[PDB]
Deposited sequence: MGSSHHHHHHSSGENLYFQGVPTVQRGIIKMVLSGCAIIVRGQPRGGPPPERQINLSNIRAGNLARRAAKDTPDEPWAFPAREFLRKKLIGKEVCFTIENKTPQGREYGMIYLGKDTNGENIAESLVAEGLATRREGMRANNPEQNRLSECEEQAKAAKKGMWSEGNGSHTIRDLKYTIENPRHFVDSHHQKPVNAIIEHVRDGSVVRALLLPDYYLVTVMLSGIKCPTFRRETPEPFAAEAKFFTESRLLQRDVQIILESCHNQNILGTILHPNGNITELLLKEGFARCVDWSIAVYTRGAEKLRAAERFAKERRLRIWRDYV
């Protein structure tokens, strides 16, 4: 039964989260775990820190550059008693386009856990192995394990150190419409980035337009490559501004009635405090969302 969606995100082990379109509330999300294949677990924390396995980040990044935002179709081969769905995703509008699992195994960024589907995966794995790609390269793959830091040591120094020069980063999670979790590169600091000069509504049951603000920002920036101006800090959080070619998310959120200009932190906004007050004034005059009567 061929189903359809957009890629919301790609996870640890290249299980992919697929979403639909919303119809009164945020979109329905499904987490598909790729059938017949195995990729590494990414780094994670619990009792202790545990690092990236070999080749897990490069696998995640491969499907991320390739898939995020695109329209896929999928098919659910099984549903386990643990509450998980296994299946195959095809990057296109049909079950004969580009099987994403075949891309992984040909790059050597995954492996197999007879029939046409299983034959195609073999043909990919033999090629990858016979061209020394990914995990079939000479070595242990230690150069693919990120030196992942969960906290910045001296934050004021760290921000002062970059002199407001944008830092390439990946936006890994959206807590609410105005605070994100940003993977900074090339040092692999995973940290909390609050948008300088604004505040969206927030999750506790949630304030009006929190879920809407979260979605607005999340569908535009989750698992996208961005640059961040690190402007100041609040505790172990980075006050900053996000750059992307399509626009300024801070300037939009206010302009679209999803945010209010907060007085303290707007002093550190480098891109120009007049524009944030202007876009709020745009929303307020138009009676948009948080400004309705």
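- Unmodelled regions (deposited sequence positions with no C-alpha coordinates, counted from 1) are 1-22, 136-140, 232-233, 323-324.
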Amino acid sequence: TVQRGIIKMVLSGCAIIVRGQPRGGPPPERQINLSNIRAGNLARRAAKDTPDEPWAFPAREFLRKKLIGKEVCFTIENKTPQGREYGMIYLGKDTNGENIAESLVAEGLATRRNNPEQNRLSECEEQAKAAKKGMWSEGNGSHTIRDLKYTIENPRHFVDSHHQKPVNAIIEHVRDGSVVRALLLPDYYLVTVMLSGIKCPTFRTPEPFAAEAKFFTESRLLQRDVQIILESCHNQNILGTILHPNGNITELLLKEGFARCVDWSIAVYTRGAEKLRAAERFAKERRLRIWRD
From here on, numbers count along this sequence of modelled residues.
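- Remark: stretch with higher mean C-alpha B factor among 172-180 and 159-167 is 159-167.
- The stretch 122-130 shows the higher mean C-alpha B-factor when 184-192 is compared against 122-130 in the entry.
- For the set 103, 154, 144, 223, the PDB entry puts the maximum C-alpha B factor at 154.
- Set against one another, the Cα B-factors of 201, 108, 197, 81 in the record reach their highest point at 81.
- In the PDB entry, residue 137 places in the highest third of its chain by CA B-factor.
- When all modelled residues of the chain are sorted by CA temperature factor, residue 219 is found within the lowest third.
- Sorting the modelled residues of the chain by their CA temperature factor places residue 26 in the highest third.
- Split the chain's modelled residues into thirds by C-alpha temperature factor. Residue 273 is in the highest one.
- Ranked by Cα temperature factor within the chain, residue 212 sits in the lowest third according to the deposited record.
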